[PDB]
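Everything on this sheet refers to the single structure shown next.
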Amino acid sequence: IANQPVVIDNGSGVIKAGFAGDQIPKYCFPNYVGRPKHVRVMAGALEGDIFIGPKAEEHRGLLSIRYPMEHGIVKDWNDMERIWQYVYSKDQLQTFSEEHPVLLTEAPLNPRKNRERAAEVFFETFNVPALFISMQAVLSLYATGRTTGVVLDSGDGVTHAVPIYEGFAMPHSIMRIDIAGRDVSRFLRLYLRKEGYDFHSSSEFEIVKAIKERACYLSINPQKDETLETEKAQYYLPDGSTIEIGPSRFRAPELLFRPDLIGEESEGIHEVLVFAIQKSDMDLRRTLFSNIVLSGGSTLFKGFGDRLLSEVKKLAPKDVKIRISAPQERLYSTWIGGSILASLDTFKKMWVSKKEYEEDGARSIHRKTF
Amino acid sequence: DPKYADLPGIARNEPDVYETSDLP
Amino acid sequence: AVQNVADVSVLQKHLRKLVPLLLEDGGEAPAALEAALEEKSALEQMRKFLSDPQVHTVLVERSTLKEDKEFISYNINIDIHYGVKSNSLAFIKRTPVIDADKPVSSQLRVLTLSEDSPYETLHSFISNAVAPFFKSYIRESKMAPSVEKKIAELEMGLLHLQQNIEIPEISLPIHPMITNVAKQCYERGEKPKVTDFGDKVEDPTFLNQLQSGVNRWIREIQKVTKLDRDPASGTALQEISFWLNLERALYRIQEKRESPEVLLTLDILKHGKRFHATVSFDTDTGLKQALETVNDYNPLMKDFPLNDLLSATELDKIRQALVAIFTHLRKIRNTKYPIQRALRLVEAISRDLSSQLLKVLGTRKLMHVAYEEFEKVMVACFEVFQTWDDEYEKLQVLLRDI
Amino acid sequence: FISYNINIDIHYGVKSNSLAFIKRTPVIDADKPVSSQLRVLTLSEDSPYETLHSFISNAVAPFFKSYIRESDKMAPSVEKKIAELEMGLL
Amino acid sequence: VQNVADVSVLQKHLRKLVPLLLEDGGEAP
Ligand SMILES: Nc1ncnc2c1ncn2[C@@H]1O[C@H](COP(=O)(O)OP(=O)(O)O)[C@@H](O)[C@H]1O
């Protein structure tokens, strides 16, 4: 059918889109807010005020980039609708809300009000015929071919693990701590001011984000490597100024493992996953030692996987098999898993009909997603 | 493949699965 | 639009150019096509196909009269009947002015309602070449899509209502290069692993072609696991026959698709991370579903006393068939069949029973010949009626148990 | 350009014509007349949509009409969809 | 298994039939 489903790969900071069966999302872009800040007299500027694209990524000195997705939980749903209208733009989709099924990606254990308000959007403003939201973990296993596993991921300020065998109902066996790289970038900015580099703008912060995600690693031996001497090699600004390596690009991401340094009692991914293993059953934990379904795009740094394996060695007992899912396209793999998921037979019954929203919607939405 | 070309990139000189030491 | 159009002899000549090789015994202008499109009424028909745009075809049916040597002769009129008593070979007037100025064939066509069934020949010629021309027309970049969809739907419904077998085989074309690798990895290295293919991994287009072929196999799975019919068309025996036929048909197809070469190619595609086809192929499986279904019905779907009905000249043997059938029916505990479908089933068979009663009792001449003969035959009929009644009542009691 | 080829490739362009005898007994044999039992199909030199409409209207209108007023069994719906497709392509 | 119109047989039939279905009758054009 020409009414092919719509795969929308969300994320706390990144979002992708496409159709069913497609292998690459032709539309990949962030999640933010933006509006101009100065005054022109001579005409010939761009209008619309909320731009997404090269102009947005060019006229950064004008817009006020914000982020409504507080740990993914969005608050400027209206602005998101504006963004979704942009998703339907003349160069983006050119389709109408009442023309295609829509599969949506998600982060679990969120309040019902989220799905409520989303249903209101895509069934009143937008009017989707078939809308469904689910867990990317299943999509991840689809993209990897596995069926059972401990699916862990990292967004931008969100992290969560789903240790489940073949989609079996194990809600008590699920862990989630939503914290990641955004504050690490702000923490990096803190280090910058610590050695005299103050930054405050949204665009400025995004440049810092580029610095972070561009230059960061993990020195396996914290104390030991600290005793040694660094390089402090300098990258250069658009103007070309000093960007040293510092203790920063490796000491700052370790805060994700020693979260108390930010001033917050937490556990660190390793302990989190260990607790998740304890949340499992001894008659399955061996497979779970083999079941290491890792993901998360923020995770893509140096000194990450193998050092984390050493962490596991310190944590897990004897006889544990490392079987880590780790291509860098695990983000896209969620979108791809949803694409193949959309290309299915039973998928019709899997979604939510529009008439169901016309009848009740809400409770039925929670019933179909569970 | 063009899949890795059109995107920012996949794993660089490092696999996905690893393994512990012999006789753990 | 024509005034000084080609002669009626020329009209029968073009009709012979199309009709003698098909509606006759080959050759040039024969007497059959001449009598078809050359008479006075046929001259008016020639003026209707050349000097008029209303007649979109000149029906030259291949009529025949046997019981001598079937006089296979063409008859050109406006009677384009179906293939029921003649092979209608119409001179399709694709253009109105099919005359002496332009060619007699370039400004026309030869549309023929073949000697076979109209639905059968229509679906055959349609799916073979009619959908291809319009498909290319629409494929060159809807109304054209709805027309092609109507052509395909008409061929589907025509083959469905025409072909009663309707269960063909499924082709699994392994790509010849892969078969070559299998042969080279079949001489003494009989198991073709991945390594032998090597650079064939970087063939997303080629492997996509194979992926598409597997998708056609998936479409075939849908075709296999897509339908059953109402338990009322003809006798239910026909249904039981296709129940078992579809059972071993499924098993046959299963053994065909379980060829490890195809499975191995799927393993290669699996290595190619084309999880699409693999998983979708696994999801389309209505395989064990239908297999288990007819395996479930299978005990009762076996060895039914079918010819006892067609082999009972006496009402006593009719009653024998009644008892044998109802006692054969008792295999319900292991089948789990619907009540309504069973009702419809038994009712269709009961109407068939009444028809057999007509077949046996229609020559008694009860009101014509000796009345006592009718008394005896009807007493045997009474035996049949009450045995059907009470044994059917026992079936009803067992249905209460069900 | 005159390009006549005796193949099974039934292609159609803007002015692509064809000539066939789609055998009622598909096995075109030389032992008997292969042209005898053959529902012909001769695509004229016109537009493929117009040629398809004229061919459908010439081979399914009176044929399914006669098979619908008598007698395989789906000739009424076949005639309805055929006349609709013929008029739609026209 | 072999009841097929030969290369010369099918070629002759198609040649004698292409002109009757492509022009105003005649032999093989
Ligand atoms: N070079 C990099 N290395 C590691 N992480 C990165 C790099 N570049 C970007 N990232 C981060 O990876 C994250 C992608 O994970 P994803 O789940 O898509 O995040 P989100 O949920 O915020 O969309 C992005 O938030 C981005 O900040």
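Because the Cβ atoms are built from the backbone with ideal geometry, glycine has one as well, and the counts that use them run over all protein chains shown. Any read-out appearing in this document is the output of simple, stated calculations on the displayed coordinates, not a laboratory observation.
Under a plain spin-label model, where a point goes 7 Å from the Cα along Cα-to-Cβ, how far apart in nm are C:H175 and A:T369?
4.1 nm
Given H placed on each backbone N at 1.01 Å, which residues far from D:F21 in sequence or on other chains put an amide H within less than 5 Å of it?
D:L41
What is the distance, in nm, between label points placed 7 Å from the Cα along the Cα-to-Cβ direction at A:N78 and at D:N7?
For A:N78 paired with D:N7, the spin-label model returns 6.3 nm.
Give the separation of the Cα centroids, segment A:247-295 to segment C:67-106, in Å.
That distance is 83 Å.
Rank these for me by crowding, C:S136, C:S117, C:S63, going from fewest to most other beta carbons within 10 Å.
On the way: C:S136 16, C:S117 23, C:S63 20.
By the 10 Å Cβ count, ascending, the order reads C:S136, C:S63, C:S117.
Taking 26 Å as the cut-off for C-alpha to C-alpha distance, list the pairs among C:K223/D:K32; A:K16/A:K113; A:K75/A:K194; C:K191/C:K273 that go past it.
On the way: C:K223/D:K32 36 Å; A:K16/A:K113 24 Å; A:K75/A:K194 33 Å; C:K191/C:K273 21 Å.
Beyond 26 Å: C:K223/D:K32; A:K75/A:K194.
Just to verify a number: FRET efficiency for A:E120 and A:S64, C-beta to C-beta distance, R0 = 22 Å, to 0.05? Walk me through the numbers before you get to the answer.
Details: r = 26 Å, r/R0 = 1.20.
The value I calculate is 0.25.
Roughly speaking, what is the centre-to-centre gap between segment C:140-210 and segment A:54-105 when only Cα atoms are used, to the nearest Å?
Value for the Cα centre distance between the two parts: 41 Å.
Would you order C:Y186, D:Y67, C:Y82 from fewest to most other beta-carbon atoms within 10 Å of each residue's own beta-carbon? Display every interim value, and only then the final one.
Numbers: C:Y186 14, D:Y67 26, C:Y82 29.
Placing the least packed residue first, the sequence is C:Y186, D:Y67, C:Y82.
HN-Hα J couplings of segment A:169-185 from phi, Karplus 6.51/-1.76/1.60, θ = phi - 60°, integer Hz, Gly and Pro as x?
Per-residue couplings from phi come out as 5, 9, x, 6, 9, 9, 10, 7, 9, 8, 7, 6, x, 5, 6, 5, 6 Hz.
Give, in nm to one decimal, the length gained when the segment between C:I349 and C:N164 is fully stretched (0.36 nm per residue of separation minus the Cα-Cα distance). Could you put the intermediate results ahead of the total?
Values: separation 185, 0.36 × 185 = 66.60 nm, distance 1.98 nm.
Full extension from C:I349 to C:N164 adds 64.6 nm.
Round to the nearest 0.05 the FRET efficiency obtained for B:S21 and C:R252 when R0 = 45 Å and r is the Cβ-Cβ distance.
With a Förster radius of 45 Å, E is 0.30.
Show which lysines lie in cross-link reach of A:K355 when reach means a straight Cα distance below 16 angstrom and same-chain residues fewer than eight apart are skipped.
A:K368
Each label point is 7 Å from the Cα along the Cα-to-Cβ direction; what then is the distance between the points at A:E358 and C:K273, in nm?
Result: 4.2 nm between the two label points.
Using Cβ counts within 10 Å as a stand-in for footprinting exposure, how do A:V293, E:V9 rank, fewest first?
Listed from fewest to most nearby Cβ atoms, that is E:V9, A:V293.
Could you tell me the distance between the Cα centroids of segment C:220-242 and segment A:187-201, to the nearest Å?
Answer, in whole Å: 75.
Of A:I15, A:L109, A:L315, which is farthest on the positive side of the dipole of chain A, counting Cα position, with +1 on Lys and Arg Cβ, -1 on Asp and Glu Cβ, and the Cα centre as origin?
A:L315
Would you grab the residues whose amide H sits under 5 Å from the one on A:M175? Only those 5+ places off in sequence or on another chain, please, with H modelled 1.01 Å from N.
HN-HN under 5 Å from A:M175: A:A161.
Go ahead and estimate [θ] at 222 nm for chain A from helices alone: -39,500 (n - 2.57) per DSSP H run with n ≥ 4, summed, over the residue count, rounded to 500. Kindly include the intermediate steps, with their values, before the conclusion.
Values: 14 runs with 124 residues, N = 370.
Rounded to the nearest 500, it is -9500 deg cm²/dmol.
How high is the FRET efficiency between A:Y236 and C:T205 when r is their beta carbon distance and R₀ equals 51 Å, given to the nearest 0.05? The partial results should precede the final answer.
Numbers: r = 43 Å, r/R0 = 0.84.
E(calc), rounded to 0.05, equals 0.75.
222 nm [θ] for chain D, helices only, -39500 (n - 2.57) per DSSP H run of 4+, per residue, to 500? Don't jump to the answer; show the numbers that get you there.
Numbers: 3 runs with 35 residues, N = 90.
When only DSSP H runs of four or more count, the value is -12000 deg cm²/dmol.
Test of understanding: extend the Cα→C-beta vector of A:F199 to 7 Å, then name every residue of segment A:207-226 with backbone N under 16 Å from that spot.
A:207-217
With θ set to phi - 60° and the Karplus curve 6.51 cos²θ - 1.76 cosθ + 1.60, what are the ³J(HN,Hα) couplings of segment C:256-273 in order, to the nearest whole Hz, using x for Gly and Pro?
After applying 6.51 cos²θ - 1.76 cosθ + 1.60, I find 5, 5, 7, 5, x, 6, 4, 4, 5, 5, 5, 5, 5, 5, 5, 5, x, 6 Hz.
Using a 7 Å offset from Cα along Cα-Cβ at C:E261, what residues in segment C:166-183 end up with backbone N under 19 Å from the label point?
Taking a point 7 Å out along Cα→Cβ of C:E261, the residues of segment C:166-183 whose backbone N falls under 19 Å are C:169-183.
Enumerate the amide H contacts of A:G149 below 5 Å, restricted to partners 5 or more residues apart or on another chain; note that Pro and chain-start residues carry no placed amide H.
A:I164, A:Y165, A:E166
Any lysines with Cα under 29 Å of the C:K394 Cα? List them, leaving off those in the same chain fewer than 8 positions away.
Within the straight-line cut-off, C:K394 pairs with C:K302, C:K317, C:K331, C:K336, C:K359, C:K376.
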